[PDB]
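A.B. asks: Dumping the structure here so I can ask a few things about it.
Number of protein chains: 2
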Amino acid sequence: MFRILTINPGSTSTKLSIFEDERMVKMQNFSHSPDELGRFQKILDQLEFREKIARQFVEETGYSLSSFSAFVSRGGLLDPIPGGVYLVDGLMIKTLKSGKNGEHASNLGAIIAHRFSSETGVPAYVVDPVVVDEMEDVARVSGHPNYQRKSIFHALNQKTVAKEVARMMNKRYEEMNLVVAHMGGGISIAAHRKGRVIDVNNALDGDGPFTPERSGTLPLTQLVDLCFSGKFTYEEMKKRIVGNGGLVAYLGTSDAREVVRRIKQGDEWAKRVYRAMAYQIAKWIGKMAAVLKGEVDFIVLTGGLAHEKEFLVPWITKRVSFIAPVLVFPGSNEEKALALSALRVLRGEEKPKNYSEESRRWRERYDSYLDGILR
Amino acid sequence: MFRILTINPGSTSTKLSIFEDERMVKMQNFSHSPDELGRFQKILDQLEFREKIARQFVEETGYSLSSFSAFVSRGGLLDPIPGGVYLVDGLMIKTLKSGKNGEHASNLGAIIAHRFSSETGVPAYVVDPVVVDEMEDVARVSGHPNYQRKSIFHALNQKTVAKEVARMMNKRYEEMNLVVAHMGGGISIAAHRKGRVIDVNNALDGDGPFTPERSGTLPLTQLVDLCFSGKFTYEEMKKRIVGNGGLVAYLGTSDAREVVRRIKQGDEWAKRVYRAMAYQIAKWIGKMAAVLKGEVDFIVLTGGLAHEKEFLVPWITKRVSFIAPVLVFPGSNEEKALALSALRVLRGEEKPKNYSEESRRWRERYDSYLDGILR
Ligand SMILES: Nc1ncnc2c1ncn2[C@@H]1O[C@H](COP(=O)(O)OP(=O)(O)CP(=O)(O)O)[C@@H](O)[C@H]1O
Ligand SMILES: Nc1ncnc2c1ncn2[C@@H]1O[C@H](COP(=O)(O)OP(=O)(O)CP(=O)(O)O)[C@@H](O)[C@H]1O
Ligand code: NA
Ligand code: NA
């Protein structure tokens, strides 16, 4: 019986849970109000504030941090790496604290687990960071030398549902081909070729179909124009990619249930914009089908939007069932996903990756690719 | 027997030809050197220069402009309109001369035909302008209210090959479903649903797969960043979408035959970038397949790149034949295409559209769509 602690720091919340083997024994979401949050200049300044909530969470359990077998955290903005469960080390910490790859609340998670680790000797891990990158070189070329397509998406949910589909039919994730569509506030559509995400859109940076809250890919010219059109507000213009865009920008809401209600009342602009979102998701799924050369076992719809079975799901299904049957796996459980990955490691069913080495192996391969600087 | 004159003004050249029914009797390309061309401030200033070449072309024929039955020109940057053959009228001229929709050498063609028309009484037409737009509303939504997907591509070649495929099997263009891929210096991939191009990428404005000379769609964030990174050269940064991008930017050449030669010599970066271009064309064809809900009769590869049957064509075919069989229709004949469209009209096999009315009908429909300004 292994007792595990999962750490999941988000932009506006902090989720923690305790697992005893595969059974969850405690979980609590600690939301943070804009007020309470704006009290910090840089994101790193929240470090002690959030650690305090975690120590407190275990504290009022009667258990001590040394009674745990592992501490597991959501990855963060680490350098590109293959999927898997990594041991938190010195290089990871240095990178996270220096925000060399950007600052994000999720970076605090690994740091927090590491300290819990230095005080108890218990192992700390991070699994499937948002920077998981397992794509093929051909997918990196963008059309212009000083631009690269990068793999930045909800890799944890992707990998997790893919393995769930396999396990459901007692097959191996490694022997299938899938098109998995994670449709939440962010939308990533990935091509899984034999356990490897060979191509996917850069969801986190706003590339792809538009979402309930993001605008997704936008017209090039019209952009470079409205770019320096005086309307320049590096911030304002920058929030139209991850904050103020998509359904919320057209209908004034990012709640699908609200939008479906309107469609049932005869709202035509609402239905036209919602239908356009499904239309885009379908197109991208088509892109990924072409990536797999048509060899697709299943198309999987997952994420919050997969719950909407009256319009969205049926619309997508009609357009893409010619590629492969459609399977719906609604939602996503980050806590359970992280704890199980740590259990597999503790049970010796999976080998822990070493971020340090693993990062070098990746950069070495990427650097050989990047050697296109030869004129 | 109808004698027709075709006018085709390009960025750096001017092509004219004379058809007597379906037989071509004279054609000549008048290239214009950067020197000879830079002699004009605005594009409109070339008007008299190019008209002089056309009058001269007919001049040394022994024929007079009044012996013709029609004058046909390549469309230009007119307001959005459905496909077809239009009669050149006052509204078209006003729009072209004022460059309200942008300046382009192709705008001079209609103007030149109109004058030839005012002097002889003979009818002047423009067919399938680059601004043909027959897409469905759902395809217009971009993800953000002040951005629209527009249909701007090589509509003449598109429409022409589509009808050729049909005629080849004695069927009607109006009763088929096709995915036509025009792969030249510009790459447009369009979904033809029963004679109507319901969706296609904005090729002319750099949206889509990268081409031998254009970069195509680029990463959003990385763009908005490099946008105002001091490197700002509204011009320089603007030519990385239609002039300096794509294969030419990576390999230093936009000649596919040159690139194929390198691949045969073992060049690996060359092969990797070329293969990435095919890879992208395939993905977009996948997008259009999803637009047609999988109901695709044929996938058609046309344009210059369709000539390359050693690598490009076979690579695309492998990835997309699961959608529908692939047909290769290399090149494109603009002269023959324009003259035939005028012959059909002169023979009464096709009705001439009226740009004036046709433009209103289009804007009325678009304006109802654009009424999403209701909060
Ligand atoms: N039962 C339900 N019916 C219809 N829509 C639902 C739903 N439950 C959730 N949604 C919708 O699905 C969307 C996504 O929820 P999800 O939990 O995946 O998003 P997220 O807020 O966590 C952001 P991201 O996906 O980028 O992490 C929501 O924005 C909501 O509009
Ligand atoms: N026989 C051949 N074999 C291989 N490639 C060829 C070819 N003939 C032409 N090409 C290539 O195909 C590409 C397109 O020629 P195409 O005539 O369609 O282009 P274009 O210069 O007219 C520009 P656009 O398509 O935007 O009008 C060229 O850029 C060239 O590299
Ligand atoms: Na978008
Ligand atoms: Na591109």
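Protein sequence lines correspond, in order, to chains A and A'. A prime marks a further copy of an entry chain. First residue of the first sequence? That's 1 in PDB author numbering, and the numbers climb one at a time after it. First residue of the second sequence? That's 1 in PDB author numbering, and the numbers climb one at a time after it. A virtual CB, placed ideally from N, CA and C, is assigned to each residue, including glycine.
1) At a cut-off of 6 Å, would you count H182/A as near ligand 2, judging by its Cβ distance to the nearest heavy atom?
2) Classify residue 377/A as helix, strand or coil using the three-state DSSP reduction.
3) With a threshold of 16 other CB atoms inside 10 Å of the CB of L156/A', please say whether the residue is buried or exposed.
4) Sorry if obvious, but does the Cβ on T217/A come closer than 6 Å to a heavy atom of ligand 3?
5) Check whether chain A comes within 7 Å of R275/A', counting only Cβ atoms and requiring the distance to be less than that.
6) Is the beta carbon of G246/A closer than 7 Å to that of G90/A'?
7) Can you name, in chain order, every residue of its own chain whose Cβ lies under 6 Å from the Cβ of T6/A', other than the five neighbours on each side?
8) Can you tell which of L327/A, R319/A, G195/A has its C-alpha closest to the C-alpha of residue 422/A?
9) Compare the Cα-Cα distances from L292/A to each of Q222/A, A190/A, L301/A, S254/A and report the closest residue.
10) I'd like to know if the stretch 111 to 130 of chain A and the stretch 246 to 255 of chain A' are in contact, where contact means that at least 3 CB-CB pairs between them fall below 8 Å.
11) Using DSSP with H/G/I as helix, E/B as strand and the rest coil, what is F57/A?
12) Are the C-beta atoms of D207/A and some chain A' residue less than 7 Å apart?
13) Considering only residues of the same chain and omitting the five flanking positions on each side of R262/A, which have a CB-CB separation below 7 Å?
14) For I198/A', which residues of its own chain have a beta-carbon under 6 Å away from its beta-carbon, when the five flanking residues on both sides are left out?
15) If you drop the 5 nearest sequence neighbours on each side, which residues of the same chain put their C-beta closer than 6 Å to that of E51/A?
16) Comparing the CB of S254/A with every heavy atom of ligand 1, is any distance shorter than 6 Å?
17) Thinking C-beta only, is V179/A closer than 7 Å to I285/A?
18) Do you know offhand how far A290/A''s Cα is from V138/A''s?
19) Taking the continuous beta strand (DSSP E) assigned at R23/A', which residues delimit it?
20) Measuring from the CB of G186/A', is there a heavy atom of ligand 2 at a distance below 6 Å?
21) Report the rounded CA-to-CA distance for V313/A' versus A306/A', giving the unit in angstroms.
22) Using only the alpha-carbon positions, how far apart do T95/A' and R363/A sit?
23) Determine the burial state of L343/A': buried for a count of at least 16 other Cβ atoms within 10 Å of its Cβ, exposed for fewer.
24) Would you give the residue range spanned by the alpha helix (DSSP H) that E334/A belongs to?
25) Could you please tell me which residues of the stretch 96 to 124 of chain A, in chain order, have their CB closer than 9 Å to any CB of chain A'?
26) To which residues of the same chain is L47/A closer than 8 Å at the C-beta, ignoring the five residues directly before and after it?
27) Just how far apart, CA to CA, sit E235/A' and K159/A'?
28) Between the stretch 222 to 236 of chain A' and chain A, which residues of the former have CB atoms less than 9 Å from a CB of the latter, in chain order?
29) Looking at chain A', which residues of the stretch 239 to 255 of chain A have a Cβ within less than 7 Å of any of its Cβ atoms?
30) Can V161/A and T302/A be called in contact, C-beta distance under 7 Å?
31) Which value, in whole angstroms, describes the spacing of the CA atoms of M169/A and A276/A'?
32) In angstroms, rounded to a whole number, what distance separates the CA positions of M27/A' and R74/A'?
33) Select from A70/A, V141/A, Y147/A the residue whose C-alpha is nearest the C-alpha of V126/A.
34) Could you check the C-alpha separation between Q222/A' and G10/A' for me, to the nearest Å?
35) Cβ closer than 8 Å: which chain A residues qualify as neighbours of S31/A'?
36) So which of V320/A, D267/A, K283/A has the shortest CA-CA distance to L374/A'?
C.D. replies: Inspection of the coordinates gives the following:
1) Mapped onto the first sequence, residue 182/A falls at position 182. Distances between the C-beta of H182/A and the heavy atoms of ligand 2 are all 6 Å or more.
2) Since the first and last residues shown for chain A are 1 and 375, residue 377/A lies out of range.
3) Here residue 156/A' refers to the residue found at position 156 when the second sequence is read from its first residue. It counts as buried.
4) Along the first sequence, one-based indexing puts residue 217/A at 217. Yes.
5) Stepping through the second sequence from its first residue, residue 275/A' is reached at position 275. Output row for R275/A': interface = yes.
6) Here residue 90/A' refers to the residue found at position 90 of the second sequence. Here residue 246/A refers to the residue found at position 246 of the first sequence. Cβ atoms of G90/A' and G246/A: not closer than 7 Å.
7) The count along the second sequence starts at 1 and reaches residue 6/A' at position 6. So the list reads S17, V72, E335, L338, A339, once near-sequence residues are dropped.
8) Lying before the first or after the last residue shown, residue 422/A is absent from chain A, which here runs from 1 to 375.
9) Reading the first sequence from its first residue, position 292 is the one you call residue 292/A. Among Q222/A, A190/A, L301/A, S254/A, the Cα nearest to that of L292/A belongs to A190/A.
10) The stretch 111 to 130 of chain A, when compared against the stretch 246 to 255 of chain A', does not touch it at the 8 Å Cβ threshold.
11) Along the first sequence, read from residue 1 onward, the residue named residue 57/A stands at position 57. The answer is helix: DSSP assigns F57/A an H, G or I state.
12) The sequence position of residue 207/A within the first sequence is 207, counting from 1. At least one CB of chain A' lies nearer than 7 Å to the CB of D207/A.
13) By 1-based counting over the first sequence, the position of residue 262/A is 262. Excluding residues within five positions, the ones whose Cβ falls inside 7 Å are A270.
14) On the second sequence, residue 198/A' is found 198 positions in, with the first residue counted as 1. Shown here for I198/A': same chain residues with a beta carbon closer than 6 Å to its own, the five before and five after excluded, namely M135, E136, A191 in chain order.
15) Indexing the first sequence from 1 puts residue 51/A at position 51. The beta carbon of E51/A sits closer than 6 Å to the beta carbons of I112 from its chain, once the five residues preceding and following it are set aside; these are given in chain order.
16) The count along the first sequence starts at 1 and reaches residue 254/A at position 254. Yes, the beta carbon of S254/A sits closer than 6 Å to at least one heavy atom of ligand 1.
17) Against the first sequence, residue 285/A aligns to sequence position 285. Against the first sequence, residue 179/A aligns to sequence position 179. The Cβ atoms of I285/A and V179/A lie closer than 7 Å to each other.
18) Here residue 290/A' refers to the residue found at position 290 of the second sequence. Here residue 138/A' refers to the residue found at position 138 of the second sequence. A290/A' and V138/A' have their C-alpha atoms spaced approximately 13 Å apart.
19) Taking the first residue of the second sequence as 1, we reach residue 23/A' at position 23. It spans 23 to 31 - the beta strand (DSSP E) in which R23/A' sits, taken as one unbroken run.
20) On the second sequence, residue 186/A' is found 186 positions in, with the first residue counted as 1. Relative to the non-hydrogen atoms of ligand 2, the Cβ of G186/A' comes within a distance shorter than 6 Å of at least one.
21) Residue mapping note: residue 313/A' aligns to position 313 of the second sequence, counting from 1. Residue mapping note: residue 306/A' aligns to position 306 of the second sequence, counting from 1. So the alpha carbons of these two residues sit roughly 6 Å apart.
22) If you number the second sequence from 1, residue 95/A' lands on position 95. If you number the first sequence from 1, residue 363/A lands on position 363. Cα to Cα, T95/A' sits roughly 54 Å from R363/A.
23) As a working note, residue 343/A' is residue 343 in the second sequence. It is buried - the Cβ of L343/A' has at least 16 other Cβ atoms within 10 Å.
24) Start at 1 with the first residue of the first sequence, and residue 334/A comes out as number 334. Here the alpha helix (DSSP H) through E334/A covers 334 to 346.
25) For the stretch 96 to 124 of chain A, the set of positions with a beta-carbon nearer than 9 Å to some beta-carbon of chain A' is empty.
26) Locating residue 47/A in the first sequence gives position 47, counting from the first residue. Once the five neighbours on either side are set aside, the close Cβ partners of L47/A are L108, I111, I112.
27) Taking the second sequence and counting its residues from 1, the one referred to as residue 235/A' is at position 235. Taking the second sequence and counting its residues from 1, the one referred to as residue 159/A' is at position 159. When the Cα atoms are used, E235/A' and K159/A' turn out to be separated by approximately 33 Å.
28) Contacts with chain A (Cβ-Cβ distance below 9 Å) from the stretch 222 to 236 of chain A' involve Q222, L223, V224, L226, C227, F228, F232, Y234, listed in chain order.
29) The stretch 239 to 255 of chain A vs chain A', Cβ under 7 Å: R240, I241, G245, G246, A249, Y250, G252.
30) Counting from 1 along the first sequence, the entry for residue 161/A is found at position 161. Counting from 1 along the first sequence, the entry for residue 302/A is found at position 302. The Cβ-Cβ distance between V161/A and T302/A falls below 7 Å.
31) As a first step, residue 169/A must be located in the first sequence, where it is residue number 169. As a first step, residue 276/A' must be located in the second sequence, where it is residue number 276. Cα-Cα distance, rounded: 35 Å.
32) Position 27 of the second sequence, counted from the start, is the residue given in the question as residue 27/A'. Position 74 of the second sequence, counted from the start, is the residue given in the question as residue 74/A'. C-alpha separation (whole angstroms): 15 Å.
33) Stepping through the first sequence from its first residue, residue 126/A is reached at position 126. Among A70/A, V141/A, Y147/A, the Cα nearest to that of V126/A is on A70/A.
34) Mapped onto the second sequence, residue 222/A' falls at position 222. Mapped onto the second sequence, residue 10/A' falls at position 10. Rounded to the nearest angstrom, the gap between the Cα atoms of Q222/A' and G10/A' is 33 Å.
35) Here the question's residue 31/A' lines up with position 31 in the second sequence. Here the premise fails: no neighbours, minimum Cβ distance about 28 Å.
36) Walking along the second sequence from the start, residue 374/A' turns up at place 374. It is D267/A.
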